[PDB]
Amino acid sequence: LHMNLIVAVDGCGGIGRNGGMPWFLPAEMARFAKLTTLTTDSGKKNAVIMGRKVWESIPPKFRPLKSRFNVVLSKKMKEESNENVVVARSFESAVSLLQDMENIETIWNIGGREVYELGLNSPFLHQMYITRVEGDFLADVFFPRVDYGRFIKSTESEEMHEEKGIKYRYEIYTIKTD
Ligand SMILES: NC(=O)c1ccc[n+]([C@@H]2O[C@H](COP(=O)([O-])OP(=O)(O)OC[C@H]3O[C@@H](n4cnc5c(N)ncnc54)[C@H](OP(=O)(O)O)[C@@H]3O)[C@@H](O)[C@H]2O)c1
Ligand SMILES: CN(Cc1cnc2nc(N)nc(N)c2n1)c1ccc(C(=O)N[C@@H](CCC(=O)O)C(=O)O)cc1
């Protein structure tokens, strides 16, 4: 059972501004949905684990994230009536429930700085799929401080991408104990 982190950070390490995203990148978001949705074993599902403010920053039409199992960490949210969503009061309990479910193939840590930090300290930590966006978007939330020395960066050829006047590039990292 793998836990991969997926994030889009800017030149300063920013991920959030004013409770929302500092940018909108539809092609990047499409790649995000593909990476987080597609499983190898047909019929098996992925799980996304997110913090409450991520959940609330998703457009409610796209919410819950379709074809995935949503786990929202929150100490304040009421239980979610929907079946593809569960509210988990702690990281450890969320990870316990996920490793308990048989049909979950890969757990995608999709955001919340604290969610990211707890994942980075997790035994299930596998890969980081980072989208390095160029420039300073005046973010107020950031990605955790991470020791990249624990990781091996994939060497595949990664071109630059540009949409909406914004440039960015994909990077992949794998924990060195694999
Ligand atoms: N650029 C990106 O790739 C990216 C990735 C994700 C999000 N974002 C942006 O980043 C910002 C949100 O990230 P955030 O870090 O500010 O808020 P968040 O982490 O998304 O959600 C924070 C909330 O999650 C809950 N939570 C987190 N860890 C928990 C734990 N261990 N146990 C229990 N509850 C826990 C708490 O909810 P309660 O307050 O209800 O306890 C906490 O207040 C938004 O702007 C979002 O759009 C961007
Ligand atoms: C605010 N937020 C958090 C968020 C945004 N961008 C990211 N970008 C990356 N690279 N990684 C992340 N974890 C990430 N997280 C959002 C907002 C909307 C949707 C969303 O609606 N996704 C659709 C896909 C949207 C699309 O196809 O354009 C899906 O079904 O997955 C996801 C995350």
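What counts, and where the lines are drawn
Residues numbered from 1 in each chain as written, not as in the entry; some residues may be left out. Chains lettered and ligands numbered in written order. Heavy atoms only, no water. Residues with missing side-chain atoms left out of burial classes, pairs and counts. Core = buried A, V, L, I, M, F, W, Y, C linked by side-chain atoms within 4.5 Å. Buried < 20%, exposed > 50% of the residue type's maximum accessible area, 1.4 Å probe, protein only. Helix = DSSP H or I, 4+ residues; strand = E, 2+ residues; numbered from the N terminus. Contact = heavy atoms within 4.5 Å. UniProt positions renumbered as here; feature names shortened; annotations may be inferred. Pairing = 2+ DSSP bridges.

As summarised from the PDB record, the model derives from X-ray crystallography at a stated resolution of 2.44 Å.

*Asks:* Go over the nonpolar core with me, naming the residues and quoting the values.
*Replies:* Among the nonpolar cores identified, the biggest contains 28 residues, and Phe143 and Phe151 are the most heavily contacted of them. Elements with a minimum of two residues in this core: β1 (2–9), β3 (45–51), β4 (68–73), α3 (91–100), β6 (104–109), α4 (113–120), β7 (125–133) and β11 (166–175). The residues contacting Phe143, other than those within four sequence positions of it, are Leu5, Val7, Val9, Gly13, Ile15, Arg113 and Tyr116. By size, the runner-up hydrophobic cluster in this structure holds 16 residues, among which are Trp55, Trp108, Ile110 and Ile172.

*Asks:* Please provide a residue-by-residue account of the UniProt feature "binding site: NADP(+)" (unreviewed entry) in the protein, values included.
*Replies:* The positions that UniProt labels "binding site: NADP(+)" (unreviewed entry) are, in the present scheme, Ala8, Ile15, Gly19, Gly20, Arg52, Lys53, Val54, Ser74, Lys75, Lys76, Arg113 and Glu114. These annotated residues cover 107 residues of sequence, and their C-alpha atoms reach 26.4 Å apart at the extreme, placing them across more than a single site. Relative to the assigned elements, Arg113 resides in helix α4. Residue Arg113 is classed as partly exposed on the basis of its relative accessible area of 38%. With sequence-adjacent residues up to four places away left out, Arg113 is seen in contact with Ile15, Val141, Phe142, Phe143, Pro144 and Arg145.

*Asks:* Describe the pairing of β1, with residues and values.
*Replies:* Within a regular strand, the side chains alternate between the two sheet faces. Of all the 8 residues making up β1, 7 are buried; the element is thus mostly covered by neighbouring parts of the structure. Looking at chain direction, β1 and β6 are connected through 4 bridges and run parallel. Residue pairing for β6: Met3 is matched across the bridge by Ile107. Across 6 bridges, β1 lies against β7 in parallel orientation.

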